[PDB]
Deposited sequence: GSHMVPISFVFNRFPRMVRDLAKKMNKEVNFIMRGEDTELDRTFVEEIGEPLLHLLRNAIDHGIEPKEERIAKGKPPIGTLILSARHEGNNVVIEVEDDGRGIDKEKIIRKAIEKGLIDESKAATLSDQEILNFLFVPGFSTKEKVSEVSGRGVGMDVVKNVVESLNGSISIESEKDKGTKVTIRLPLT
């Protein structure tokens, strides 16, 4: 089943959200011929739509803010699919404001999930994986779907640079 069956509905959703949110977004899709099982195609749309929404709302900054920070004025959102062996890898990348890891740590300490003492030596992945804790901010819901497809998800993010969410699906 080509993934384009899912990806083809996204330019409309992205442009509707950009408009309602007053962002300017350059949306690029790559790898849309990538084939995978019908069950995956039927289920992956919801979690991707959530990731695209997060990027437009929380990641990409309004154009005035990007200019004020010396970034290219219009933010860019790239959705990509490819094969890596017998697995399909889907990426959602934006060049927005990124995730503030300090805020994550503060929030985790408030919620009683980590000691201040242990926050100093947390890895980058340890910190960002708090976002998957249920009720932390829902990245939990994204992970729940990916998990039910026997996939995995990771986040990479750096403040002011942007965010890349990666989803790895088995052949099934």
**Request:** Numbering from 1, run down the deposited sequence and write out every stretch that has no C-alpha in the structure.
**Result:** 1-4, 142-154
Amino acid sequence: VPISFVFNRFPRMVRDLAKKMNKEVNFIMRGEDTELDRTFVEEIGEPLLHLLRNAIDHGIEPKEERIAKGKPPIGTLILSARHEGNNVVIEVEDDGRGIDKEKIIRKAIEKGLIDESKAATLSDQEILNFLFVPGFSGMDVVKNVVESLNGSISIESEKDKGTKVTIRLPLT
From here on, numbers count along this sequence of modelled residues.
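Rigid core (definition): largest C-alpha set, two forms, superposition within 1.5 Å.
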**Request:** Using RMS Cα distance over all structures and residues, flag whichever of 116-124 and 57-65 lies farther from this form in 8 other deposited structures of this protein after a core fit.
**Result:** 116-124
**Prompt:** Is the larger C-alpha RMS shift in 8 other deposited structures of this protein, relative to this form with the rigid core superposed, found in 40-48 or in 106-114?
**Reply:** 106-114
**Complete:** Entry B factor averaged over C-alpha atoms, 63-71 against 26-34: higher for 63-71
**Prompt:** Given the B-factors recorded for C-alpha atoms, which segment has the greater mean, 36-44 or 99-107?
**Reply:** 36-44
**Complete:** Of the three thirds of the chain ranked by Cα temperature factor, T172 occupies the highest
**Prompt:** What third of its chain, lowest, middle or highest, does the C-alpha temperature factor of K164 fall into?
**Reply:** lowest
**Message:** Using only modelled residues of the chain, where does the Cα B factor of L49 rank: lowest third, middle third or highest third?
**Reply:** lowest
**Item:** Ranked C-alpha temperature factor of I56 among modelled chain residues, by third
**Value:** lowest
**Request:** Grab the CA temperature factor for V14 from the record and place it in the lowest, middle or highest third of its chain.
**Result:** lowest
